[PDB]
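Q: Sending over input-v4.tsv (TSV, C-alpha atoms).
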```tsv
chain	number	residue	atom	x	y	z
A	5	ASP	CA	93.79	99.87	74.53
A	6	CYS	CA	94.53	96.77	76.63
A	7	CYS	CA	96.20	93.46	76.03
A	8	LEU	CA	93.42	90.86	76.28
A	9	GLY	CA	95.78	87.91	75.85
A	10	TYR	CA	99.37	87.03	75.12
A	11	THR	CA	101.49	86.10	72.13
A	12	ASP	CA	102.03	82.39	71.52
A	13	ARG	CA	105.53	82.80	70.03
A	14	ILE	CA	108.87	83.84	71.50
A	15	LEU	CA	109.91	87.17	69.97
A	16	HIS	CA	113.60	87.52	69.14
A	17	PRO	CA	115.24	90.37	71.15
A	18	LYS	CA	116.98	91.62	68.00
A	19	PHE	CA	113.53	92.90	66.91
A	20	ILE	CA	112.61	94.39	70.30
A	21	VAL	CA	113.36	97.99	71.32
A	22	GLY	CA	111.43	98.43	74.57
A	23	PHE	CA	108.49	97.48	76.73
A	24	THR	CA	105.51	98.92	78.58
A	25	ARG	CA	104.01	97.27	81.65
A	26	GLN	CA	100.25	96.80	81.71
A	27	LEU	CA	98.80	96.39	85.20
A	28	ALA	CA	95.51	94.84	86.24
A	29	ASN	CA	93.73	97.89	87.61
A	30	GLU	CA	90.85	100.21	86.75
A	31	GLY	CA	92.37	100.53	83.25
A	32	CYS	CA	92.92	96.96	82.03
A	33	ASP	CA	91.67	93.60	83.29
A	34	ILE	CA	94.95	91.65	83.01
A	35	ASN	CA	98.64	92.16	83.63
A	36	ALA	CA	100.87	92.14	80.56
A	37	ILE	CA	104.32	93.00	79.24
A	38	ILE	CA	103.95	94.92	75.97
A	39	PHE	CA	107.09	94.58	73.82
A	40	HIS	CA	107.75	97.40	71.36
A	41	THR	CA	109.34	96.32	68.08
A	42	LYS	CA	111.50	97.86	65.38
A	43	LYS	CA	108.58	97.71	62.93
A	44	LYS	CA	106.38	99.56	65.49
A	45	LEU	CA	104.02	96.64	66.13
A	46	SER	CA	103.62	96.14	69.88
A	47	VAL	CA	103.28	92.57	71.17
A	48	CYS	CA	101.44	91.53	74.33
A	49	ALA	CA	103.37	88.93	76.33
A	50	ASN	CA	102.69	86.77	79.38
A	51	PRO	CA	104.60	88.20	82.38
A	52	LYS	CA	104.89	84.69	83.86
A	53	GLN	CA	106.82	83.21	80.93
A	54	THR	CA	110.57	82.96	81.44
A	55	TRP	CA	111.49	84.25	77.97
A	56	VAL	CA	109.52	87.44	78.69
A	57	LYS	CA	111.38	88.13	81.94
A	58	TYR	CA	114.66	87.32	80.18
A	59	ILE	CA	114.11	89.87	77.40
A	60	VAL	CA	113.09	92.52	79.94
A	61	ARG	CA	116.29	91.78	81.89
A	62	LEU	CA	118.30	92.17	78.66
A	63	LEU	CA	116.78	95.55	77.82
A	64	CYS	CA	117.29	96.69	81.42
A	65	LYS	CA	120.95	95.65	81.44
A	66	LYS	CA	121.61	97.52	78.18
A	67	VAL	CA	120.11	100.77	79.49
A	68	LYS	CA	122.08	100.47	82.73
A	69	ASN	CA	125.30	100.37	80.68
A	70	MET	CA	124.43	103.10	78.15
B	5	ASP	CA	111.39	109.86	63.68
B	6	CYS	CA	114.61	110.05	65.70
B	7	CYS	CA	115.11	111.80	68.98
B	8	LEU	CA	117.25	114.78	67.95
B	9	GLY	CA	117.89	115.86	71.55
B	10	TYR	CA	116.97	115.18	75.17
B	11	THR	CA	114.22	116.69	77.32
B	12	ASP	CA	115.23	119.06	80.10
B	13	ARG	CA	111.72	119.09	81.55
B	14	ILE	CA	110.83	117.06	84.65
B	15	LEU	CA	110.36	113.29	84.23
B	16	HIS	CA	107.70	112.31	86.77
B	17	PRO	CA	107.95	108.55	87.38
B	18	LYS	CA	104.25	108.25	88.29
B	19	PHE	CA	103.23	108.94	84.70
B	20	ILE	CA	105.79	106.69	82.99
B	21	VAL	CA	104.72	103.16	82.01
B	22	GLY	CA	107.46	102.03	79.63
B	23	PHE	CA	110.43	102.95	77.51
B	24	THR	CA	112.07	102.36	74.13
B	25	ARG	CA	115.82	102.58	73.48
B	26	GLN	CA	117.09	104.47	70.43
B	27	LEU	CA	120.59	103.41	69.39
B	28	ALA	CA	122.94	105.55	67.28
B	29	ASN	CA	123.91	102.58	65.06
B	30	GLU	CA	120.32	101.84	63.99
B	31	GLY	CA	119.88	104.93	61.78
B	32	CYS	CA	119.65	107.84	64.23
B	33	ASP	CA	122.48	110.23	65.11
B	34	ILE	CA	122.29	109.80	68.89
B	35	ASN	CA	121.28	107.30	71.54
B	36	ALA	CA	118.14	108.08	73.50
B	37	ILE	CA	115.74	106.62	76.02
B	38	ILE	CA	112.16	107.29	74.94
B	39	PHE	CA	109.75	107.18	77.88
B	40	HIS	CA	106.10	106.29	77.27
B	41	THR	CA	103.32	107.76	79.43
B	42	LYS	CA	99.77	106.81	80.37
B	43	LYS	CA	98.53	109.50	77.97
B	44	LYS	CA	100.43	107.67	75.20
B	45	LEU	CA	102.85	110.60	74.89
B	46	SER	CA	106.54	109.83	74.46
B	47	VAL	CA	109.52	111.90	75.61
B	48	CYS	CA	113.17	111.77	74.49
B	49	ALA	CA	115.64	111.45	77.37
B	50	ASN	CA	119.41	111.32	77.93
B	51	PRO	CA	120.42	107.67	78.56
B	52	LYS	CA	123.44	108.72	80.64
B	53	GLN	CA	121.47	110.74	83.20
B	54	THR	CA	121.14	109.21	86.64
B	55	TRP	CA	117.43	110.06	86.92
B	56	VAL	CA	116.75	108.42	83.54
B	57	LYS	CA	118.59	105.28	84.61
B	58	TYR	CA	116.60	105.29	87.87
B	59	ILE	CA	113.21	105.45	86.14
B	60	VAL	CA	114.29	102.49	84.01
B	61	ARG	CA	115.33	100.57	87.15
B	62	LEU	CA	111.87	101.27	88.58
B	63	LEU	CA	110.16	99.92	85.47
B	64	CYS	CA	112.51	96.94	85.44
B	65	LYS	CA	111.97	96.11	89.11
B	66	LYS	CA	108.19	96.38	88.69
B	67	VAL	CA	108.37	93.84	85.85
B	68	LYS	CA	110.64	91.50	87.84
B	69	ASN	CA	107.97	91.33	90.55
B	70	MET	CA	105.11	90.62	88.12
```
Starting from the file, lay out its structure as structure tokens.
A:
Amino acid sequence: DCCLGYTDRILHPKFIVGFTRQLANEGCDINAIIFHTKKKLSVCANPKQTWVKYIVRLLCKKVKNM
Amino acid sequence: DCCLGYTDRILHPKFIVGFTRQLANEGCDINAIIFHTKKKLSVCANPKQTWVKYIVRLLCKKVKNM
């Protein structure tokens, strides 16, 4: 399914284990960052919000150093 | 469940839309990168492999530019 909107609350990175990018294309109507969480509830997030880019950067830096 | 090992099949970047990190101090025996695909299938991968780290960089750079 597609994100149709974005979460209204910052999600703490200690609960976040990954992300999936949703692109505006034939599949979905909007762009989104989908955060995957420890409790297996995925959370749609606004790619323009700074906290979203920051958490993505954090995840990316961790994998680089694994 | 936990990734108990790593795939040795091809990881085609065109079909990969996201990842999750599995860490060996969060309950599982080993670290893993779990790639998520458009078909909503997930694959366990070796976080130390250069190709794995490159797919993650691709996902991370795509997000940066969103």
Q: Output the contact residues of chain A with respect to chain B at a cut-off of 10 Å, based on only C-alpha atoms, as a PyMOL selection string.
A: chain A and resi 20-27+35-42+50-52+56-58+60-61+63-70
Q: Got a sec: who's within 8 Å of range 7-18 of chain B, counting only C-alpha atoms, leaving out chain neighbours fewer than 4 positions off, as a PDB file with C-alpha atoms, keeping the file's coordinate frame?
A:
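Saved the output as out36.pdb:
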```
ATOM      1  CA  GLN B  26     117.090 104.470  70.430  1.00  0.00           C
ATOM      2  CA  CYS B  32     119.650 107.840  64.230  1.00  0.00           C
ATOM      3  CA  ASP B  33     122.480 110.230  65.110  1.00  0.00           C
ATOM      4  CA  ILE B  34     122.290 109.800  68.890  1.00  0.00           C
ATOM      5  CA  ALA B  36     118.140 108.080  73.500  1.00  0.00           C
ATOM      6  CA  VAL B  47     109.520 111.900  75.610  1.00  0.00           C
ATOM      7  CA  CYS B  48     113.170 111.770  74.490  1.00  0.00           C
ATOM      8  CA  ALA B  49     115.640 111.450  77.370  1.00  0.00           C
ATOM      9  CA  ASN B  50     119.410 111.320  77.930  1.00  0.00           C
ATOM     10  CA  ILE B  59     113.210 105.450  86.140  1.00  0.00           C
TER      11      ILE B  59
END
```
Q: Using all C-alpha atoms paired in order, least-squares fit chain A onto chain B and give me the moved copy as a PDB file with C-alpha atoms, keeping the file's coordinate frame.
A:
```pdb
ATOM      1  CA  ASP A   5     111.346 108.839  63.791  1.00  0.00           C
ATOM      2  CA  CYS A   6     114.395 109.590  65.962  1.00  0.00           C
ATOM      3  CA  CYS A   7     115.034 111.544  69.104  1.00  0.00           C
ATOM      4  CA  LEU A   8     117.207 114.494  68.041  1.00  0.00           C
ATOM      5  CA  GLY A   9     117.638 115.794  71.588  1.00  0.00           C
ATOM      6  CA  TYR A  10     116.510 115.235  75.139  1.00  0.00           C
ATOM      7  CA  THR A  11     113.891 116.586  77.509  1.00  0.00           C
ATOM      8  CA  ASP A  12     115.007 119.330  79.886  1.00  0.00           C
ATOM      9  CA  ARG A  13     112.650 118.301  82.718  1.00  0.00           C
ATOM     10  CA  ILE A  14     112.520 115.286  85.019  1.00  0.00           C
ATOM     11  CA  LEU A  15     109.377 113.277  84.245  1.00  0.00           C
ATOM     12  CA  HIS A  16     107.553 111.848  87.255  1.00  0.00           C
ATOM     13  CA  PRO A  17     107.456 107.997  87.156  1.00  0.00           C
ATOM     14  CA  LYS A  18     103.763 108.044  88.088  1.00  0.00           C
ATOM     15  CA  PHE A  19     103.135 109.243  84.497  1.00  0.00           C
ATOM     16  CA  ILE A  20     105.510 106.745  82.861  1.00  0.00           C
ATOM     17  CA  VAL A  21     104.456 103.287  81.638  1.00  0.00           C
ATOM     18  CA  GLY A  22     107.477 102.062  79.676  1.00  0.00           C
ATOM     19  CA  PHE A  23     110.509 102.867  77.585  1.00  0.00           C
ATOM     20  CA  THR A  24     112.151 102.149  74.243  1.00  0.00           C
ATOM     21  CA  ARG A  25     115.906 102.325  73.724  1.00  0.00           C
ATOM     22  CA  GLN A  26     117.158 104.288  70.734  1.00  0.00           C
ATOM     23  CA  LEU A  27     120.661 103.328  69.614  1.00  0.00           C
ATOM     24  CA  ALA A  28     123.129 105.323  67.556  1.00  0.00           C
ATOM     25  CA  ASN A  29     123.289 103.186  64.433  1.00  0.00           C
ATOM     26  CA  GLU A  30     122.210 103.265  60.794  1.00  0.00           C
ATOM     27  CA  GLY A  31     118.723 104.264  62.021  1.00  0.00           C
ATOM     28  CA  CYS A  32     119.257 107.235  64.350  1.00  0.00           C
ATOM     29  CA  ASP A  33     122.242 109.505  64.965  1.00  0.00           C
ATOM     30  CA  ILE A  34     122.083 109.603  68.786  1.00  0.00           C
ATOM     31  CA  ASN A  35     121.401 107.274  71.679  1.00  0.00           C
ATOM     32  CA  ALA A  36     118.252 107.969  73.680  1.00  0.00           C
ATOM     33  CA  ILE A  37     115.837 106.548  76.235  1.00  0.00           C
ATOM     34  CA  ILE A  38     112.272 107.112  75.014  1.00  0.00           C
ATOM     35  CA  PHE A  39     109.812 107.136  77.937  1.00  0.00           C
ATOM     36  CA  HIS A  40     106.230 106.163  77.121  1.00  0.00           C
ATOM     37  CA  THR A  41     103.577 108.013  79.120  1.00  0.00           C
ATOM     38  CA  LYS A  42     100.014 107.424  80.252  1.00  0.00           C
ATOM     39  CA  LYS A  43      98.788 110.148  77.881  1.00  0.00           C
ATOM     40  CA  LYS A  44     100.628 108.408  74.983  1.00  0.00           C
ATOM     41  CA  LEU A  45     103.171 111.190  74.435  1.00  0.00           C
ATOM     42  CA  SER A  46     106.662 109.690  74.255  1.00  0.00           C
ATOM     43  CA  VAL A  47     109.536 111.692  75.759  1.00  0.00           C
ATOM     44  CA  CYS A  48     113.163 111.533  74.633  1.00  0.00           C
ATOM     45  CA  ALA A  49     115.580 111.455  77.573  1.00  0.00           C
ATOM     46  CA  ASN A  50     119.348 111.644  78.019  1.00  0.00           C
ATOM     47  CA  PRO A  51     120.688 108.152  78.855  1.00  0.00           C
ATOM     48  CA  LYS A  52     123.529 109.730  80.864  1.00  0.00           C
ATOM     49  CA  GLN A  53     121.272 111.526  83.350  1.00  0.00           C
ATOM     50  CA  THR A  54     120.844 109.773  86.686  1.00  0.00           C
ATOM     51  CA  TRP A  55     117.076 110.327  86.901  1.00  0.00           C
ATOM     52  CA  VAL A  56     116.672 108.525  83.559  1.00  0.00           C
ATOM     53  CA  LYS A  57     118.589 105.448  84.724  1.00  0.00           C
ATOM     54  CA  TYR A  58     116.644 105.534  87.998  1.00  0.00           C
ATOM     55  CA  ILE A  59     113.237 105.462  86.289  1.00  0.00           C
ATOM     56  CA  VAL A  60     114.372 102.641  83.995  1.00  0.00           C
ATOM     57  CA  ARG A  61     115.530 100.699  87.074  1.00  0.00           C
ATOM     58  CA  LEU A  62     112.109 101.286  88.680  1.00  0.00           C
ATOM     59  CA  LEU A  63     110.188  99.996  85.665  1.00  0.00           C
ATOM     60  CA  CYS A  64     112.534  97.003  85.432  1.00  0.00           C
ATOM     61  CA  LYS A  65     112.095  96.120  89.107  1.00  0.00           C
ATOM     62  CA  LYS A  66     108.294  96.261  88.796  1.00  0.00           C
ATOM     63  CA  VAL A  67     108.235  93.889  85.813  1.00  0.00           C
ATOM     64  CA  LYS A  68     110.587  91.477  87.579  1.00  0.00           C
ATOM     65  CA  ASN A  69     108.075  91.239  90.446  1.00  0.00           C
ATOM     66  CA  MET A  70     104.876  91.044  88.363  1.00  0.00           C
TER      67      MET A  70
END
```
Q: One number please: CA of residue 31 in chain B to CA of residue 55 in chain B, in Å, one decimal.
A: 25.8 Å
Q: Go ahead and compute the interatomic distance for CA of residue 43 in chain A and CA of residue 19 in chain A, in Å to one decimal.
A: 8.0 Å
Q: As a CSV table (one decimal), in the coordinates of the input, could you write out range 14-30 of chain A once it has been completed with N, CA, C and O atoms?
A:
```csv
chain,number,residue,atom,x,y,z
A,14,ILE,N,107.7,83.1,71.0
A,14,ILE,CA,108.9,83.8,71.5
A,14,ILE,C,109.2,84.9,70.4
A,14,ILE,O,109.3,84.5,69.2
A,15,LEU,N,109.5,86.1,70.9
A,15,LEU,CA,109.9,87.2,70.0
A,15,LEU,C,111.4,87.4,70.1
A,15,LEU,O,111.9,87.5,71.3
A,16,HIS,N,112.2,87.4,69.0
A,16,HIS,CA,113.6,87.5,69.1
A,16,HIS,C,114.0,88.9,69.6
A,16,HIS,O,113.5,89.9,69.1
A,17,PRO,N,114.8,89.0,70.6
A,17,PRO,CA,115.2,90.4,71.2
A,17,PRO,C,115.9,91.3,70.1
A,17,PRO,O,115.9,92.5,70.3
A,18,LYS,N,116.4,90.7,69.0
A,18,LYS,CA,117.0,91.6,68.0
A,18,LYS,C,115.9,92.5,67.3
A,18,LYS,O,116.2,93.5,66.7
A,19,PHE,N,114.6,92.1,67.5
A,19,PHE,CA,113.5,92.9,66.9
A,19,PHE,C,112.9,93.8,67.9
A,19,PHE,O,112.0,94.6,67.6
A,20,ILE,N,113.3,93.7,69.2
A,20,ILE,CA,112.6,94.4,70.3
A,20,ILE,C,113.4,95.6,70.7
A,20,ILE,O,114.6,95.5,70.9
A,21,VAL,N,112.7,96.7,70.9
A,21,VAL,CA,113.4,98.0,71.3
A,21,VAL,C,112.9,98.5,72.6
A,21,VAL,O,113.4,99.6,73.1
A,22,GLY,N,111.9,97.9,73.3
A,22,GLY,CA,111.4,98.4,74.6
A,22,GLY,C,110.3,97.6,75.1
A,22,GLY,O,109.9,96.6,74.5
A,23,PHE,N,109.7,98.1,76.2
A,23,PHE,CA,108.5,97.5,76.7
A,23,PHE,C,107.7,98.5,77.5
A,23,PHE,O,108.2,99.5,78.0
A,24,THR,N,106.4,98.2,77.7
A,24,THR,CA,105.5,98.9,78.6
A,24,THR,C,104.8,97.9,79.5
A,24,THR,O,104.5,96.8,79.0
A,25,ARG,N,104.7,98.2,80.8
A,25,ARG,CA,104.0,97.3,81.6
A,25,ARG,C,102.5,97.6,81.7
A,25,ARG,O,102.2,98.8,81.8
A,26,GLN,N,101.7,96.6,81.6
A,26,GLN,CA,100.2,96.8,81.7
A,26,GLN,C,99.8,96.1,83.0
A,26,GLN,O,100.2,95.0,83.2
A,27,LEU,N,99.2,96.9,83.9
A,27,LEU,CA,98.8,96.4,85.2
A,27,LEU,C,97.3,96.2,85.3
A,27,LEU,O,96.5,97.0,84.7
A,28,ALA,N,96.9,95.1,86.0
A,28,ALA,CA,95.5,94.8,86.2
A,28,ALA,C,95.0,95.9,87.2
A,28,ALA,O,95.4,95.8,88.4
A,29,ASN,N,94.2,96.8,86.8
A,29,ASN,CA,93.7,97.9,87.6
A,29,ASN,C,92.4,98.4,87.0
A,29,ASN,O,91.8,97.7,86.2
A,30,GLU,N,92.1,99.6,87.3
A,30,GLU,CA,90.8,100.2,86.8
A,30,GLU,C,90.9,100.3,85.2
A,30,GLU,O,89.9,100.3,84.6
```
